[PDB]
Amino acid sequence: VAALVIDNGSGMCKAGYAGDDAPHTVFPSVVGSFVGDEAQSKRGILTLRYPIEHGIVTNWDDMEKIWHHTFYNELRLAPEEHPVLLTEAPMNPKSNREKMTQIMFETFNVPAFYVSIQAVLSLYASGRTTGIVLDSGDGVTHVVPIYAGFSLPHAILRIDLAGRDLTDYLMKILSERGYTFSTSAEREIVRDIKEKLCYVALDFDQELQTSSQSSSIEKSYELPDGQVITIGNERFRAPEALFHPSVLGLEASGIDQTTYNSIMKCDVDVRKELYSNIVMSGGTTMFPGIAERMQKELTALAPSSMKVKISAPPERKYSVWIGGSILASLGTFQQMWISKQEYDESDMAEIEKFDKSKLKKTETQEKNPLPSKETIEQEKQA
Ligand SMILES: Nc1ncnc2c1ncn2[C@@H]1O[C@H](COP(=O)(O)OP(=O)(O)OP(=O)(O)O)[C@@H](O)[C@H]1O
Ligand SMILES: [Ca+2]
């Protein structure tokens with residue numbers, strides 16, 4: 001039956017069917033045996049490992065289980081009856097791209113297989129073949145400039161500053177305020193707090209000065225045990241670490257300066273195209289206000305001559321996935337699959353034209369439950 005699209009991330013696995021407009025199932029990319037959402041909910045009695053760190057696979061035994069979980073537990077199909085399209089981080093080592101192929105063909109017996117660079121799919125999802133993509137997930141952030149469907153590898157930038165860091169940071173400035181967030185389970189509550197209440201300030205110092213004597217800044221959050229806590233300027237302080245990573249002790253450049261530094265590694269003739277085709281994807285780019293701040297920061301850095309236009313669609317959390325769904329539905333793409341045999345032995349205009357409104361409506365099942373107070377306490381005893 002239909003082709004499958006699996007986007008494996010550092011924190012989250014996104015799976016579904018080519019032609020649908022959204023992943024079928026999204027679940028944490030974790031093993032404790034139990035995988036993902038079921039491991040999540042039993043983390044009280046379990047030790048959890050994340051097989052993908054910074055977007056590169058580090059444990060193929062664990063990686064295999066997640067795919068097993070995707071096929072048989074989540075999507076509930078025979079993997080031998082469905083071509084699979086996978087995604088990979090840029091600069092993924094050939095050893096890994098080979099191992100990925102091996103397991104797909106030899107372990108799960110897929111009829112066809114293909115693997116794509118994530119940022120590229122996000123560009124496709126946005127209906128472009130030339131642009132610069134800012135792809136920030138849980139474990140890694142990438143800046144990937146792309147021209148006529150090909151990445152310019154010399155100018156691909158990577159910072160190890162992403163959602164993981166922002167979570168740990170938020171947890172760190174919340175601990176300073178007196179909240180006892182000390183376990184891995186409580187860390188997930190802080191992730192949720194981040195996703196719900198955090199935002200990026202247009203002007204950080206102005207807003208910071210205003211926060212000190214305002215009550216508008218304050219928001220309430222209910223913990224699992226039922227205690228309500230109140231979040232103040234931590235709301236915009238934690239995401240500020242994307243733009244000034246020094247507050248994390250990282251001597252990295254912010255996501256604004258790294259985007260600029262990337263473009264400037266490109267030919268002058270090309271830059272004008274990149275600047276007016278900036279695409280943001282990934283979950284970390286979901287903060288309210290991040291696009292307007294990106295717009296402002298880049299404008300103030302760019303030549304006055306070039307206009308800055310940034311694409312940040314509502315669904316950009318699952319852009320990479322949507323890119324795969326569109327890609328795998330293209331007529332000219334069918335000629336590109338790797339066949340089970342082919343392994344035993346060894347277009348540009350369609351993207352622009354593709355009508356996303358014809359992709360089938362899909363309700364994403366996000367399975368990533370938050371821990372009970374029992375589980376938090378279970379973990380406390382360690
Ligand atoms: N609305 C939101 N606001 C802020 N952060 C969010 C939001 N939604 C998700 N996140 C964060 O985004 C991250 C997950 O994003 P995403 O699924 O794009 O990355 P991934 O593919 O799992 O990881 P990677 O790209 O590192 O492999 C998590 O850190 C999560 O807490
Ligand atoms: Ca990702």
# chains A, B, ... in the order shown; residues from 1 in each chain; ligands from 1
call {"tool": "closest_atom_pairs", "arguments": {"of": "chain A", "to": "ligand 1", "cutoff": "8 Å", "atoms": "only C-alpha atoms and all ligand atoms", "output": "JSON lines"}}
result
{"residue": "A:7", "atom": "CA", "partner": "ligand 1", "partner_atom_place_in_ligand_line": "21 (O)", "distance": 7.3}
{"residue": "A:8", "atom": "CA", "partner": "ligand 1", "partner_atom_place_in_ligand_line": "21 (O)", "distance": 6.2}
{"residue": "A:9", "atom": "CA", "partner": "ligand 1", "partner_atom_place_in_ligand_line": "21 (O)", "distance": 3.2}
{"residue": "A:10", "atom": "CA", "partner": "ligand 1", "partner_atom_place_in_ligand_line": "27 (O)", "distance": 3.3}
{"residue": "A:11", "atom": "CA", "partner": "ligand 1", "partner_atom_place_in_ligand_line": "22 (O)", "distance": 3.7}
{"residue": "A:12", "atom": "CA", "partner": "ligand 1", "partner_atom_place_in_ligand_line": "22 (O)", "distance": 3.6}
{"residue": "A:13", "atom": "CA", "partner": "ligand 1", "partner_atom_place_in_ligand_line": "22 (O)", "distance": 6.4}
{"residue": "A:14", "atom": "CA", "partner": "ligand 1", "partner_atom_place_in_ligand_line": "17 (O)", "distance": 7.6}
{"residue": "A:28", "atom": "CA", "partner": "ligand 1", "partner_atom_place_in_ligand_line": "22 (O)", "distance": 7.7}
{"residue": "A:29", "atom": "CA", "partner": "ligand 1", "partner_atom_place_in_ligand_line": "22 (O)", "distance": 7.4}
{"residue": "A:52", "atom": "CA", "partner": "ligand 1", "partner_atom_place_in_ligand_line": "27 (O)", "distance": 7.1}
{"residue": "A:53", "atom": "CA", "partner": "ligand 1", "partner_atom_place_in_ligand_line": "27 (O)", "distance": 7.1}
{"residue": "A:54", "atom": "CA", "partner": "ligand 1", "partner_atom_place_in_ligand_line": "26 (O)", "distance": 5.3}
{"residue": "A:55", "atom": "CA", "partner": "ligand 1", "partner_atom_place_in_ligand_line": "27 (O)", "distance": 4.0}
{"residue": "A:56", "atom": "CA", "partner": "ligand 1", "partner_atom_place_in_ligand_line": "27 (O)", "distance": 7.6}
{"residue": "A:89", "atom": "CA", "partner": "ligand 1", "partner_atom_place_in_ligand_line": "27 (O)", "distance": 7.6}
{"residue": "A:135", "atom": "CA", "partner": "ligand 1", "partner_atom_place_in_ligand_line": "25 (O)", "distance": 6.9}
{"residue": "A:136", "atom": "CA", "partner": "ligand 1", "partner_atom_place_in_ligand_line": "25 (O)", "distance": 5.8}
{"residue": "A:137", "atom": "CA", "partner": "ligand 1", "partner_atom_place_in_ligand_line": "19 (O)", "distance": 3.1}
{"residue": "A:138", "atom": "CA", "partner": "ligand 1", "partner_atom_place_in_ligand_line": "29 (O)", "distance": 3.6}
{"residue": "A:139", "atom": "CA", "partner": "ligand 1", "partner_atom_place_in_ligand_line": "26 (O)", "distance": 3.3}
{"residue": "A:140", "atom": "CA", "partner": "ligand 1", "partner_atom_place_in_ligand_line": "26 (O)", "distance": 4.1}
{"residue": "A:141", "atom": "CA", "partner": "ligand 1", "partner_atom_place_in_ligand_line": "25 (O)", "distance": 6.7}
{"residue": "A:162", "atom": "CA", "partner": "ligand 1", "partner_atom_place_in_ligand_line": "29 (O)", "distance": 6.7}
{"residue": "A:163", "atom": "CA", "partner": "ligand 1", "partner_atom_place_in_ligand_line": "29 (O)", "distance": 3.3}
{"residue": "A:164", "atom": "CA", "partner": "ligand 1", "partner_atom_place_in_ligand_line": "29 (O)", "distance": 5.2}
{"residue": "A:166", "atom": "CA", "partner": "ligand 1", "partner_atom_place_in_ligand_line": "29 (O)", "distance": 7.5}
{"residue": "A:167", "atom": "CA", "partner": "ligand 1", "partner_atom_place_in_ligand_line": "31 (O)", "distance": 7.0}
{"residue": "A:191", "atom": "CA", "partner": "ligand 1", "partner_atom_place_in_ligand_line": "31 (O)", "distance": 5.2}
{"residue": "A:192", "atom": "CA", "partner": "ligand 1", "partner_atom_place_in_ligand_line": "31 (O)", "distance": 6.8}
{"residue": "A:194", "atom": "CA", "partner": "ligand 1", "partner_atom_place_in_ligand_line": "4 (C)", "distance": 6.0}
{"residue": "A:195", "atom": "CA", "partner": "ligand 1", "partner_atom_place_in_ligand_line": "3 (N)", "distance": 3.8}
{"residue": "A:196", "atom": "CA", "partner": "ligand 1", "partner_atom_place_in_ligand_line": "1 (N)", "distance": 6.4}
{"residue": "A:198", "atom": "CA", "partner": "ligand 1", "partner_atom_place_in_ligand_line": "4 (C)", "distance": 6.9}
{"residue": "A:199", "atom": "CA", "partner": "ligand 1", "partner_atom_place_in_ligand_line": "3 (N)", "distance": 7.6}
{"residue": "A:281", "atom": "CA", "partner": "ligand 1", "partner_atom_place_in_ligand_line": "18 (O)", "distance": 7.0}
{"residue": "A:282", "atom": "CA", "partner": "ligand 1", "partner_atom_place_in_ligand_line": "18 (O)", "distance": 3.4}
{"residue": "A:283", "atom": "CA", "partner": "ligand 1", "partner_atom_place_in_ligand_line": "12 (O)", "distance": 3.4}
{"residue": "A:284", "atom": "CA", "partner": "ligand 1", "partner_atom_place_in_ligand_line": "12 (O)", "distance": 4.2}
{"residue": "A:285", "atom": "CA", "partner": "ligand 1", "partner_atom_place_in_ligand_line": "4 (C)", "distance": 6.7}
{"residue": "A:286", "atom": "CA", "partner": "ligand 1", "partner_atom_place_in_ligand_line": "3 (N)", "distance": 4.5}
{"residue": "A:287", "atom": "CA", "partner": "ligand 1", "partner_atom_place_in_ligand_line": "3 (N)", "distance": 4.4}
{"residue": "A:288", "atom": "CA", "partner": "ligand 1", "partner_atom_place_in_ligand_line": "3 (N)", "distance": 7.3}
{"residue": "A:317", "atom": "CA", "partner": "ligand 1", "partner_atom_place_in_ligand_line": "18 (O)", "distance": 5.4}
{"residue": "A:318", "atom": "CA", "partner": "ligand 1", "partner_atom_place_in_ligand_line": "18 (O)", "distance": 6.8}
call {"tool": "write_last_selection", "arguments": {"atoms": "N, CA and C atoms", "output": "compact mmCIF listing (two decimals), in the first residue's frame"}}
result
# COMPACT_ATOMS: atom_id res chain seq x y z
N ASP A 7 10.44 10.68 9.60
CA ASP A 7 11.37 11.71 9.99
C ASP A 7 11.80 11.44 11.43
N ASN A 8 13.03 10.95 11.57
CA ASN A 8 13.61 10.70 12.89
C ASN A 8 14.39 11.88 13.44
N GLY A 9 13.91 12.45 14.54
CA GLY A 9 14.62 13.53 15.22
C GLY A 9 15.32 13.16 16.53
N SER A 10 16.11 14.08 17.07
CA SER A 10 16.81 13.85 18.32
C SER A 10 15.85 13.58 19.46
N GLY A 11 14.78 14.37 19.52
CA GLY A 11 13.77 14.19 20.54
C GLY A 11 12.51 13.50 20.08
N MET A 12 12.09 13.77 18.85
CA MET A 12 10.79 13.26 18.41
C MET A 12 10.84 12.49 17.10
N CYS A 13 10.15 11.36 17.07
CA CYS A 13 9.96 10.63 15.83
C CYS A 13 8.60 10.97 15.21
N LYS A 14 8.65 11.35 13.93
CA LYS A 14 7.48 11.74 13.14
C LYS A 14 7.24 10.77 12.00
N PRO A 28 8.06 10.24 21.32
CA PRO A 28 9.44 10.57 21.67
C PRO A 28 10.43 9.52 21.18
N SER A 29 11.57 10.00 20.74
CA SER A 29 12.58 9.16 20.11
C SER A 29 13.47 8.52 21.21
N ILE A 52 19.37 8.86 19.03
CA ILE A 52 19.81 9.93 18.15
C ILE A 52 20.19 11.16 18.96
N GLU A 53 21.46 11.54 18.95
CA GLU A 53 21.86 12.73 19.65
C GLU A 53 22.45 13.71 18.63
N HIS A 54 21.98 14.95 18.70
CA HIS A 54 22.29 16.00 17.75
C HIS A 54 21.89 15.62 16.33
N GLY A 55 20.87 14.78 16.19
CA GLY A 55 20.41 14.43 14.85
C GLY A 55 21.19 13.36 14.11
N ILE A 56 22.26 12.84 14.72
CA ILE A 56 23.03 11.72 14.19
C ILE A 56 22.74 10.44 15.03
N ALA A 89 20.23 13.96 8.96
CA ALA A 89 20.84 15.25 9.22
C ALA A 89 21.80 15.60 8.09
N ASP A 135 16.77 25.34 10.73
CA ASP A 135 16.14 24.10 11.20
C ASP A 135 16.60 23.86 12.60
N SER A 136 15.73 24.21 13.54
CA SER A 136 16.12 24.06 14.93
C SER A 136 15.20 23.09 15.63
N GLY A 137 15.77 21.98 16.10
CA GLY A 137 15.00 20.96 16.78
C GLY A 137 15.32 20.87 18.25
N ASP A 138 15.12 19.69 18.84
CA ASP A 138 15.53 19.39 20.21
C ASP A 138 17.03 19.29 20.48
N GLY A 139 17.79 18.69 19.58
CA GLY A 139 19.19 18.42 19.88
C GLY A 139 20.19 19.18 19.02
N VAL A 140 19.73 19.73 17.90
CA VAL A 140 20.65 20.42 17.01
C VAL A 140 19.96 21.50 16.18
N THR A 141 20.69 22.55 15.85
CA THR A 141 20.21 23.63 15.00
C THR A 141 21.09 23.74 13.75
N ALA A 162 20.00 23.97 20.94
CA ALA A 162 18.60 23.77 20.55
C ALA A 162 17.63 23.56 21.75
N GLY A 163 16.50 22.91 21.49
CA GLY A 163 15.41 22.83 22.45
C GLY A 163 15.82 22.18 23.75
N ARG A 164 16.78 21.26 23.67
CA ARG A 164 17.31 20.58 24.85
C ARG A 164 17.91 21.59 25.79
N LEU A 166 17.51 24.91 25.73
CA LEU A 166 16.52 25.85 26.24
C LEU A 166 15.73 25.25 27.39
N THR A 167 15.45 23.95 27.31
CA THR A 167 14.75 23.29 28.40
C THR A 167 15.61 23.31 29.68
N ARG A 191 9.96 21.32 29.99
CA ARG A 191 9.79 21.34 28.53
C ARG A 191 8.40 21.83 28.16
N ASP A 192 7.38 21.27 28.81
CA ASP A 192 6.00 21.66 28.52
C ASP A 192 5.77 23.15 28.82
N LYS A 194 8.04 25.51 28.86
CA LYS A 194 8.70 26.19 27.76
C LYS A 194 7.80 26.31 26.52
N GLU A 195 7.26 25.19 26.07
CA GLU A 195 6.42 25.15 24.87
C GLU A 195 5.15 26.00 24.98
N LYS A 196 4.66 26.19 26.20
CA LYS A 196 3.36 26.80 26.40
C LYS A 196 3.42 28.30 26.74
N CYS A 198 6.66 30.24 27.11
CA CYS A 198 7.83 30.97 26.65
C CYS A 198 7.59 31.67 25.33
N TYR A 199 8.41 32.67 25.08
CA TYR A 199 8.31 33.46 23.87
C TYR A 199 9.59 34.25 23.70
N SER A 281 12.12 26.16 10.12
CA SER A 281 11.40 24.94 10.47
C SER A 281 11.95 24.34 11.75
N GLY A 282 11.18 23.42 12.31
CA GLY A 282 11.58 22.73 13.52
C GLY A 282 10.87 23.31 14.71
N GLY A 283 10.82 22.53 15.77
CA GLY A 283 9.95 22.87 16.87
C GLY A 283 10.46 24.06 17.65
N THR A 284 11.76 24.21 17.72
CA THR A 284 12.33 25.32 18.46
C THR A 284 11.97 26.66 17.82
N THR A 285 11.67 26.66 16.52
CA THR A 285 11.28 27.89 15.81
C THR A 285 9.79 28.25 15.99
N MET A 286 9.13 27.61 16.96
CA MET A 286 7.70 27.79 17.21
C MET A 286 7.41 28.87 18.24
N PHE A 287 8.44 29.39 18.90
CA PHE A 287 8.24 30.39 19.96
C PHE A 287 7.48 31.56 19.37
N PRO A 288 6.47 32.06 20.10
CA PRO A 288 5.84 33.29 19.63
C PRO A 288 6.89 34.37 19.51
N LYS A 317 6.67 23.26 12.54
CA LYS A 317 7.15 22.19 13.37
C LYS A 317 7.30 20.87 12.59
N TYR A 318 6.42 20.65 11.62
CA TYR A 318 6.45 19.40 10.86
C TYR A 318 6.71 19.62 9.39
call {"tool": "select_by_dssp", "arguments": {"residues": "segment 73-215 of chain A", "states": "strand (DSSP E or B)", "output": "PDB file with C-alpha atoms, in the first residue's frame"}}
result
ATOM      1  CA  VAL A  84       9.939   4.063   3.067  1.00  0.00           C
ATOM      2  CA  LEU A  85      11.315   7.616   2.763  1.00  0.00           C
ATOM      3  CA  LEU A  86      13.635   8.570   5.637  1.00  0.00           C
ATOM      4  CA  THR A  87      15.332  11.813   6.556  1.00  0.00           C
ATOM      5  CA  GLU A  88      18.872  12.428   7.704  1.00  0.00           C
ATOM      6  CA  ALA A 112      11.721   0.540  -1.807  1.00  0.00           C
ATOM      7  CA  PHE A 113      13.770   3.043   0.118  1.00  0.00           C
ATOM      8  CA  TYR A 114      15.077   6.620  -0.144  1.00  0.00           C
ATOM      9  CA  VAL A 115      16.766   9.132   2.207  1.00  0.00           C
ATOM     10  CA  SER A 116      16.650  12.964   2.047  1.00  0.00           C
ATOM     11  CA  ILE A 117      18.317  15.895   3.787  1.00  0.00           C
ATOM     12  CA  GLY A 131      16.245  29.411  -0.030  1.00  0.00           C
ATOM     13  CA  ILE A 132      18.082  29.352   3.280  1.00  0.00           C
ATOM     14  CA  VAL A 133      16.570  27.133   5.953  1.00  0.00           C
ATOM     15  CA  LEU A 134      16.892  27.536   9.699  1.00  0.00           C
ATOM     16  CA  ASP A 135      16.139  24.104  11.202  1.00  0.00           C
ATOM     17  CA  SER A 136      16.116  24.058  14.927  1.00  0.00           C
ATOM     18  CA  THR A 141      20.206  23.626  14.999  1.00  0.00           C
ATOM     19  CA  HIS A 142      21.221  23.885  11.316  1.00  0.00           C
ATOM     20  CA  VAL A 143      21.547  26.704   8.835  1.00  0.00           C
ATOM     21  CA  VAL A 144      21.392  25.285   5.314  1.00  0.00           C
ATOM     22  CA  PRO A 145      21.452  27.530   2.247  1.00  0.00           C
ATOM     23  CA  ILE A 146      20.051  25.754  -0.862  1.00  0.00           C
ATOM     24  CA  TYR A 147      20.147  26.749  -4.591  1.00  0.00           C
ATOM     25  CA  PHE A 150      21.027  21.471  -4.038  1.00  0.00           C
ATOM     26  CA  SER A 151      22.617  22.278  -0.705  1.00  0.00           C
ATOM     27  CA  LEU A 157      26.339  25.713   9.535  1.00  0.00           C
ATOM     28  CA  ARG A 158      25.563  23.767  12.667  1.00  0.00           C
ATOM     29  CA  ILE A 159      25.220  24.887  16.265  1.00  0.00           C
TER      30      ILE A 159
END
call {"tool": "select_by_dssp", "arguments": {"residues": "segment 24-251 of chain A", "states": "helix (DSSP H, G or I)", "output": "ChimeraX atom specification"}}
result
/A:37-40,60-75,79-81,94-107,118-125,153-155,163-176,184-197,204-211,234-237,239-242,245-248
call {"tool": "residues_around", "arguments": {"residues": "residue 60 of chain A", "least_positions_apart": "3", "cutoff": "10 Å", "atoms": "only C-alpha atoms", "output": "list in words"}}
result
residues 51, 52, 57, 63, 64, 65, 66, 96, 99, 100 and 103 of chain A
call {"tool": "write_last_selection", "arguments": {"atoms": "C-alpha atoms", "output": "compact mmCIF listing (two decimals), in the first residue's frame"}}
result
# COMPACT_ATOMS: atom_id res chain seq x y z
CA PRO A 51 19.63 6.77 20.21
CA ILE A 52 19.81 9.93 18.15
CA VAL A 57 22.28 8.02 15.10
CA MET A 63 17.35 2.87 16.47
CA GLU A 64 16.07 -0.40 15.12
CA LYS A 65 13.50 -0.72 17.97
CA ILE A 66 12.02 2.71 17.25
CA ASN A 96 25.42 5.83 9.01
CA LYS A 99 23.73 1.26 8.07
CA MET A 100 20.31 2.89 7.71
CA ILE A 103 18.50 -2.28 8.32
call {"tool": "residues_around", "arguments": {"residues": "residue 211 of chain A", "least_positions_apart": "4", "cutoff": "8 Å", "atoms": "only C-alpha atoms", "output": "PyMOL selection string"}}
result
chain A and resi 207+215+217+232-233
call {"tool": "write_last_selection", "arguments": {"atoms": "C-alpha atoms", "output": "short mmCIF file (atom, residue, chain, number, x, y, z; two decimals), in the first residue's frame"}}
result
data_model
loop_
_atom_site.label_atom_id
_atom_site.label_comp_id
_atom_site.auth_asym_id
_atom_site.auth_seq_id
_atom_site.Cartn_x
_atom_site.Cartn_y
_atom_site.Cartn_z
CA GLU A 207 11.07 44.18 27.86
CA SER A 215 1.82 41.96 36.24
CA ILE A 217 4.26 39.31 32.24
CA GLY A 232 7.49 35.66 34.97
CA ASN A 233 10.29 36.98 32.78
#
call {"tool": "residues_around", "arguments": {"residues": "segment 168-170 of chain A", "least_positions_apart": "6", "cutoff": "10 Å", "atoms": "only C-alpha atoms", "output": "compact mmCIF listing (two decimals) with N, CA and C atoms, in the first residue's frame"}}
result
# COMPACT_ATOMS: atom_id res chain seq x y z
N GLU A 176 16.77 28.42 40.34
CA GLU A 176 17.27 29.61 41.02
C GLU A 176 16.16 30.34 41.75
N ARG A 187 12.02 17.47 34.46
CA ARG A 187 12.54 18.11 33.25
C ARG A 187 11.54 18.14 32.08
N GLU A 188 10.67 17.14 32.00
CA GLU A 188 9.64 17.11 30.96
C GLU A 188 8.53 18.12 31.23
N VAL A 190 9.12 20.98 32.64
CA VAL A 190 9.74 22.24 32.26
C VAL A 190 9.75 22.41 30.74
N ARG A 191 9.96 21.32 29.99
CA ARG A 191 9.79 21.34 28.53
C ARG A 191 8.40 21.83 28.16
N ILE A 193 6.37 23.63 29.92
CA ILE A 193 6.23 25.01 30.36
C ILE A 193 6.84 25.89 29.31
N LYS A 194 8.04 25.51 28.86
CA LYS A 194 8.70 26.19 27.76
C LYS A 194 7.80 26.31 26.52
N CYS A 198 6.66 30.24 27.11
CA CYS A 198 7.83 30.97 26.65
C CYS A 198 7.59 31.67 25.33
N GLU A 234 11.06 34.68 33.07
CA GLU A 234 11.70 33.45 32.60
C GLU A 234 11.15 33.13 31.23
N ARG A 235 9.91 33.55 31.00
CA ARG A 235 9.23 33.32 29.75
C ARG A 235 10.04 33.78 28.55
N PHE A 236 10.61 34.99 28.59
CA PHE A 236 11.42 35.40 27.45
C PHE A 236 12.93 35.30 27.71
N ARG A 237 13.33 35.08 28.96
CA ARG A 237 14.74 34.89 29.29
C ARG A 237 15.31 33.60 28.77
N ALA A 238 14.55 32.51 28.83
CA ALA A 238 15.06 31.22 28.38
C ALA A 238 15.31 31.21 26.85
N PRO A 239 14.32 31.66 26.03
CA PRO A 239 14.58 31.67 24.58
C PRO A 239 15.66 32.67 24.14
N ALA A 241 18.52 32.76 24.96
CA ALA A 241 19.72 31.97 24.75
C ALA A 241 19.88 31.47 23.31
N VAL A 247 24.93 33.31 27.62
CA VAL A 247 24.20 33.05 28.86
C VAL A 247 24.14 31.55 29.17
N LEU A 248 24.49 30.70 28.21
CA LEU A 248 24.58 29.25 28.45
C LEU A 248 26.04 28.79 28.60
call {"tool": "atom_distance", "arguments": {"atom1": "atom CA of residue 124 of chain A", "atom2": "atom CA of residue 149 of chain A"}}
result
8.4 Å
call {"tool": "closest_residue", "arguments": {"among": "A:246, A:184, A:214, A:305", "to": "residue 44 of chain A", "atoms": "only C-alpha atoms"}}
result
A:184
call {"tool": "closest_residue", "arguments": {"among": "A:92, A:47, A:205, A:244", "to": "residue 258 of chain A", "atoms": "only C-alpha atoms"}}
result
A:244
call {"tool": "closest_residue", "arguments": {"among": "A:220, A:381, A:319, A:304", "to": "residue 126 of chain A", "atoms": "only C-alpha atoms"}}
result
A:319
call {"tool": "closest_residue", "arguments": {"among": "A:38, A:315, A:106, A:374", "to": "residue 225 of chain A", "atoms": "only C-alpha atoms"}}
result
A:374
call {"tool": "residues_around", "arguments": {"residues": "residue 41 of chain A", "least_positions_apart": "4", "cutoff": "9 Å", "atoms": "only C-alpha atoms", "output": "list in words"}}
result
residues 36, 37, 368, 369, 370, 371, 372 and 375 of chain A
call {"tool": "write_last_selection", "arguments": {"atoms": "C-alpha atoms", "output": "CSV table (one decimal), in the first residue's frame"}}
result
chain,number,residue,atom,x,y,z
A,36,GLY,CA,8.9,6.0,22.8
A,37,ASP,CA,5.5,6.9,24.3
A,368,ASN,CA,4.2,12.2,24.6
A,369,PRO,CA,2.3,12.1,27.9
A,370,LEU,CA,3.5,14.1,31.0
A,371,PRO,CA,4.7,12.2,34.1
A,372,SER,CA,2.4,11.7,37.1
A,375,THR,CA,6.3,8.8,38.6
call {"tool": "atom_distance", "arguments": {"atom1": "atom CA of residue 265 of chain A", "atom2": "atom CA of residue 122 of chain A"}}
result
21.0 Å
call {"tool": "closest_residue", "arguments": {"among": "A:204, A:321, A:260, A:67", "to": "ligand 2", "atoms": "only C-alpha atoms and all ligand atoms"}}
result
A:321
call {"tool": "closest_residue", "arguments": {"among": "A:45, A:306, A:18, A:104", "to": "residue 269 of chain A", "atoms": "only C-alpha atoms"}}
result
A:306
